[PDB]
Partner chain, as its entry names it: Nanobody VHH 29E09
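The data below hold one chain only, encoded as structure tokens and taken in the form deposited without its partner chain.
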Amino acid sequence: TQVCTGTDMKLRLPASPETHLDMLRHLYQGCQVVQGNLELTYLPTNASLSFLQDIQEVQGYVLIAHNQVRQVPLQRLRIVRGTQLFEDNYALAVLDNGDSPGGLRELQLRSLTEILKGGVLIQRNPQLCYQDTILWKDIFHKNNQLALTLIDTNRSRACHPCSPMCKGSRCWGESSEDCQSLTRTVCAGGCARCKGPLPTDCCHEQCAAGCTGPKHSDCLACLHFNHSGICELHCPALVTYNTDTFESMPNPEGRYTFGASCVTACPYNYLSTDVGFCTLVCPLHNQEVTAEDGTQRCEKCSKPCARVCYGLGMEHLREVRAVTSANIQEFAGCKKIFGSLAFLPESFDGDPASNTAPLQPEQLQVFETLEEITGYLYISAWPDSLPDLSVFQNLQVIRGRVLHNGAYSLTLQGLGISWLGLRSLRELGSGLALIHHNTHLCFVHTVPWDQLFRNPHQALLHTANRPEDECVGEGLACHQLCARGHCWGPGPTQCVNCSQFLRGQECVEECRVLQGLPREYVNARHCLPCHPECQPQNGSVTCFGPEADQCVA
């Protein structure tokens, strides 16, 4: 998959510094376009970053801060768009990269040619050379009056001169292959971009970063939209009009807008709108419904929208950081929550600022009916009287449209829970899972983490948990009645996939049909007690169904 959602985490410290380099690699591996921000923060000096060699396009900004790596291999990145900016002013931010000595040594951005919107921020880098020898105006867009240069030139080492074979002195490295390709300040006439000085070498008006010819199907990047190799200005409409009567007829060439490309259908986790936009949230007077196949769709409604529940970051909870006792009553009977759910340390104990009562462990029973979360789940505190997360038994799917820190969709931190708690969690739509620094945490490696993910960019990061050798040597090892050794925790319950038969929520063996007081009928390996008040039998099947007609008498 070449479309990977980026991270949303500024200079803020990581959750688990040990499993951080394993978080960047499990997210930008085999990716070419980043639908978000590219943030490279808090990397050790000897970290290997070979997985960042294929990044080409970034929708958001580029953040490179607090790193001791000598080289960042982002040599094949052409265009950064800048839909959202760092401090609302910058599109490229290289800060605080310093301690043979460690720290960033060279920028190594050889193909950067177009920044549509934003600025560049380079401050406090002692080991960085060649940072002020680049004509940054060329890389900035023609329609960008926000292009402000803030470059710090405080260096702790002596730099080398650029390669003499380079025409001028604009180089990103000392080697001969580190020159800069001037594109905009060398054009002849009113050409926004040109591959050379000749007017015939001018690029098409839809070329973003450059061109390999005069045509409109060979731009290095598409300025507005990418129509399967055709740099267009708009995606083809989803409907055609009679233009006299103006009637609606479906267009077989209808494409949907998804970032900077035209797509036949919206991606798996996204939503398709009648206007022709791949959304994560339906617009006003629209509604999210499931089609016959099972895909997600934003569909209109004449009647007012049904009352839905909202979580953190959503309509009236856009600024709440954790679930307190003030908003705990809102999630009453909500079979679906539009938004996230966070439990910070300040949730189960009252806040001195206000008269906030602390979260009693019996108040968390309102979540015993929740079945779907469209955002992340973040539990960094949990009562010690509750051994697991058994309040989320009915939680089936966490879609992860909104990700905590921009990467994680299921995070547990310092809980001290017993095994896992999460019984029926069967799907993580997007974002990684991070279960770390829980001392009494067993049952981590025995979860079908591949049967819950939905894309190759999802993974499981875990560290500083209970050692596995101590977990097995206690009699807690996925009781064998669970099929294929996939268990959620100790007991006849917590089996991910049953092997023989079910009796309610617990994994059981051959039913009590022939030797039980309630006579049962096995429907897809499910013991179900039915009262045989027609004919007491002693080893024969009494009832075929729950109705009176199916009874023996």
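Positions refer to the first chain, counted from 1.
This protein has a second form, the form deposited with its partner chain bound, left out of what is shown; the following refers to that one.
K.L.:
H437 versus its partner chain, in the deposited complex: is there a non-hydrogen atom within 4.5 Å?
P.N.:
Close contact exists here: in the deposited complex, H437 approaches its partner chain to within 4.5 Å, heavy atoms only.
K.L.:
Indicate whether its partner chain has at least one heavy atom within 4.5 Å of a heavy atom of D450 in the deposited complex.
P.N.:
No, no contact at 4.5 Å.
K.L.:
Tell me, yes or no, whether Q56 is in contact with its partner chain in the deposited complex, where a contact means a heavy atom of each within 4.5 Å.
P.N.:
Close contact is absent here: in the deposited complex, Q56 is far from its partner chain, nothing within 4.5 Å, heavy atoms only.
K.L.:
Is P456 a contact residue for its partner chain in the deposited complex, using a 4.5 Å heavy atom cut-off?
P.N.:
So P456 does not count as contacting its partner chain.
K.L.:
Quick one: of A357, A332, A265, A464, which gets a non-hydrogen atom within 4.5 angstroms of its partner chain in the deposited complex?
P.N.:
Comparing distances to its partner chain in the deposited complex, the residue within 4.5 Å is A464.
K.L.:
Within 4.5 Å of its partner chain in the deposited complex, which residues of 323 to 351 have a heavy atom? Give them in sequence order, or say none.
P.N.:
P345, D349, in sequence order.
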